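Undergrad: Handing you a structure now.
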Amino acid sequence: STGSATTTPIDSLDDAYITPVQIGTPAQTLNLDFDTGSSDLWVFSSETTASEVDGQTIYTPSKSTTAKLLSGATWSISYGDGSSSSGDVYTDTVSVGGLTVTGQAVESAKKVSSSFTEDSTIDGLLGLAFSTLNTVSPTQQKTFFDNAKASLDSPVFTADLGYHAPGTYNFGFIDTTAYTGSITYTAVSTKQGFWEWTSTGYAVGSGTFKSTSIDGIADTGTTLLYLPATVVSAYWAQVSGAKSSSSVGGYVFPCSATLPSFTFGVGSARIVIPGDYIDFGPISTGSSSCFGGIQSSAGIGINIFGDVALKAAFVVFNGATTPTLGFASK
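Structural data, given as structure tokens:
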């Protein structure tokens, strides 16, 4: 089997991407944030504290003939941005782009933090990291991908995120029309539960490539590119007037600037992030200070190849017995 679904930016900055997901019988379609940095499929629901719902579409398990309470199971998750959610668990039928999993754990939120409430466009998350990170207790549950894997034509999914445009998540096949050149594959460590890999270096604009190992994670659920302070300083030094602002929470730059590109290495291959991808617009409405899309990972504890980086590539998440990651230009 295979599946193919379009993923759409939630706003004009590509802050996140939503993908429609069918849950239950008859189908209830919710728009979920596919997150290769976590491993829980959770949704706003009929159980979510009413004051914490503001515009989201909810899953109502009592209206699904295939829903079953997973008795005694609870979940609770905290994300890198400080947001969180928790609740109980149902199993139900879940379909993405024509690919169906029966008996998928659907984690129903009883509580969500303010960031989730305030984002009316995101109805929940669909985790695509390794199932070892799943938070369901006392019986850990599998991701949608893990459950689907055996049925797929090939044990892979691909992320093809757009810049200010829709893109695609495919399951079970590699669309050879969706990228240019060849795909370069690189090793993955699953030791921390992430799609963790080592970039071979970077360049700023038309500058020379610096060969240096940068361990980090491919994380579709993180907006920006978070890299070591040395790398980030070298980038922003090429933008007149750019500075790190503790009050704003990162590097800012004059909105009048033209940003240089940023290149990262995948083995001997190179992925180029155009400068425009690194512009996250005014820090507040009407400001002439703009927020940067490359930020320091210092104090996160891990480097993160988030959407800024991933959207410059066609990315293969290869879930074979020994997982790997592939990157192609597009």
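Numbering of the sequence shown is given in mature numbering (1 follows the signal peptide of the UniProt record, and there is no 0), commencing with residue 70 and proceeding in unit increments. For each residue, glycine too, the CB sits at the ideal point set by N, CA and C.
Out of curiosity, what's the CA-to-CA distance linking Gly-276 and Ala-397?
TA: Roughly 21 Å between the two C-alpha positions.
Undergrad: Taking Cβ to Cβ, would you say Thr-190 is nearer than 8 Å to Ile-79?
TA: In contact: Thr-190 and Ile-79 (Cβ atoms closer than 8 Å).
Undergrad: With distances taken Cα to Cα, identify the nearest neighbour of residue 459 among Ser-114, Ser-200, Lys-180, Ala-96.
TA: Since the first residue shown for the chain is 70 and the last is 399, residue 459 is missing from the structure and cannot be characterised.
Undergrad: Report the start-end ranges of each beta strand (DSSP E) in the region 299 to 363 that is 3 residues or longer and not cut off at the edges.
TA: Fully enclosed beta strand (DSSP E) runs of 3 or longer: 312 to 314, 319 to 323, 331 to 335, 338 to 342, 348 to 351, 358 to 361.
Undergrad: Are the Cβ atoms of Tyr-320 and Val-300 separated by less than 8 Å?
TA: No.
Undergrad: Give me the residue from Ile-286, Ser-140, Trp-305 with the minimum Cα distance to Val-257.
TA: If we check each option's Cα against that of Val-257, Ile-286 comes out closest.
Undergrad: Can you give me the C-alpha to C-alpha distance between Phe-242 and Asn-100, rounded to a whole angstrom?
TA: About 23 Å.
Undergrad: Just grab the DSSP bridge partners of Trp-264 for me.
TA: Looking at the DSSP assignment, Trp-264 forms no beta bridge with any residue, so it has no partner.
Undergrad: For the putative contact between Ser-73 and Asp-222, defined by C-beta atoms under 8 Å, what is the C-beta separation to the nearest angstrom?
TA: So it is not a contact: roughly 12 Å between Cβ atoms.
Undergrad: On the three-state DSSP scale, how would you describe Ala-178?
TA: Here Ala-178 sits in strand by DSSP.
Undergrad: Whose C-alpha, out of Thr-332, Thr-291, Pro-323, is nearest the C-alpha of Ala-303?
TA: Comparing Cα positions, the closest option is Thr-332.
Undergrad: Does DSSP classify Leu-202 as helix, strand or coil?
TA: DSSP places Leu-202 in helix when its eight states are reduced to three.
Undergrad: DSSP state of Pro-297, grouped into three classes?
TA: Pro-297 falls in the coil class under three-state DSSP.
Undergrad: With a cut-off of 8 Å on the beta carbons, I'd call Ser-177 and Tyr-159 a contact; round off their distance for me.
TA: With a Cβ gap of about 6 Å, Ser-177 and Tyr-159 count as contacting.
Undergrad: Can you tell me which residues form a DSSP beta bridge with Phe-386?
TA: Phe-386 pairs with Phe-226, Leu-394.
Undergrad: Express the C-alpha separation of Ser-153 and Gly-274 in angstroms, rounding to a whole number.
TA: Looking at the two C-alpha atoms, the distance is approximately 37 Å.
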